[PDB]
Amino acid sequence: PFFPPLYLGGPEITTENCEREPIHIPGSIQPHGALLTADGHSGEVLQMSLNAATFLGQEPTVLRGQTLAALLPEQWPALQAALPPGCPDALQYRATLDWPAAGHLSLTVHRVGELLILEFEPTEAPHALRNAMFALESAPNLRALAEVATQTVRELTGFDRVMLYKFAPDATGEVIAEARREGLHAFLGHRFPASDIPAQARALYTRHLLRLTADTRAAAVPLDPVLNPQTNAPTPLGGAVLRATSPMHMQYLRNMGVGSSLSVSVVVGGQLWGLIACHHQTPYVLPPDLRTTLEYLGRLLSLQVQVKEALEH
């Protein structure tokens, strides 16, 4: 099963119970964005991140009464149609708001049962993606495909190190390719145990395909209330990219000397084949539109991995 989260007086995680930490219900988010939850029917704002006032420019109480209808007039009917009751928690809808306080915000919404989860992040506003797609397709074998993928991602993102991590049948890991800035250690060829990406983590990475930590020293921002009014239970955040990253897993990025990280899951035959793993030495908020490019690349790599593995077997 899982332990209760901390804020419901559950045990503090260790290296003894690595498999039961509820990474999907931390009750908090990373501070480079803001999150609201809301009722599926009424559009009634039920929870907000204590930092919402910053991004939205709204007097705190104003929000926690109001309706999405009021708050987002153009958007609220689109949401209603895009995310019908009963849809999967994996389905997401995005829009760009030209919002008074903040030039442009990206809005990302998904639905978990009766709750809409809304994420707001700063945003903005060429051929590198098309060029990359053809490059991946003409790679002659899996090894070269891995090399092209890591190089392409590094060029698109500027990340200090981009690896292709591959899981063995027992969940043992292997960096099989790596693109990195001069003057970093080389993790190419190394392996790591199946514990280092635990079992509920690989389960969530199978369904929600891109997760990231923007600053390994930033404090999480609580949800208020912490419990969903609807249920008097924890809000599932597993499909939110803003959802707080396990302090366990941030402590290990710090011990490595990483200040910003990001992965895209590579899913083949319904299973987690491997990750596109990116490292930055300093804090780094990759904007939403560039993340989208990596999300596309994730799908394309998933296709090409199968194609390429089929021409060996």
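Note that residue numbering begins at 1 and tracks the sequence as displayed.
Engineer: Of 264 to 272 and 240 to 248, which one has the bigger average CA B-factor?
Structural biologist: Mean B over CA atoms: larger for 240 to 248.
Engineer: Give the stretch, out of 249 to 257 and 32 to 40, with the larger mean C-alpha temperature factor in the deposited entry.
Structural biologist: Higher mean C-alpha B-factor in the PDB entry: 32 to 40.
Engineer: Name the residue from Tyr205, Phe134, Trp76, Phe192 with the greatest C-alpha temperature factor listed in the entry.
Structural biologist: Highest C-alpha B-factor among the listed residues goes to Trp76.
Engineer: Looking at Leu46, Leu56, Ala277, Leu286, which has the highest CA B-factor as recorded?
Structural biologist: Out of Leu46, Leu56, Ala277, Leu286, the record gives the largest C-alpha B-factor to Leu56.
Engineer: If you rank the chain by CA B-factor, which third does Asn141 end up in: lowest, middle or highest?
Structural biologist: Answer is middle: the recorded C-alpha B-factor places it there.
Engineer: Which third of the chain does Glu155 land in by C-alpha B-factor: lowest, middle or highest?
Structural biologist: It belongs to the middle third of the chain when residues are ordered by C-alpha B-factor.
Engineer: Give the position of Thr235 by CA B-factor within its chain, expressed as the lowest, middle or highest third.
Structural biologist: According to the entry, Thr235 has a C-alpha B-factor in the chain's middle third.
Engineer: By the recorded C-alpha temperature factor, relative to the other modelled residues in its chain, which third is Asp224 in?
Structural biologist: Highest third - that is where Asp224 ends up once the chain's C-alpha B-factors are sorted.
Engineer: Sorting by Cα B-factor within the chain, modelled residues only, which third would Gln200 end up in: lowest, middle or highest?
Structural biologist: Within its chain, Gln200 is a highest-third residue by C-alpha B-factor, going by the deposited values.
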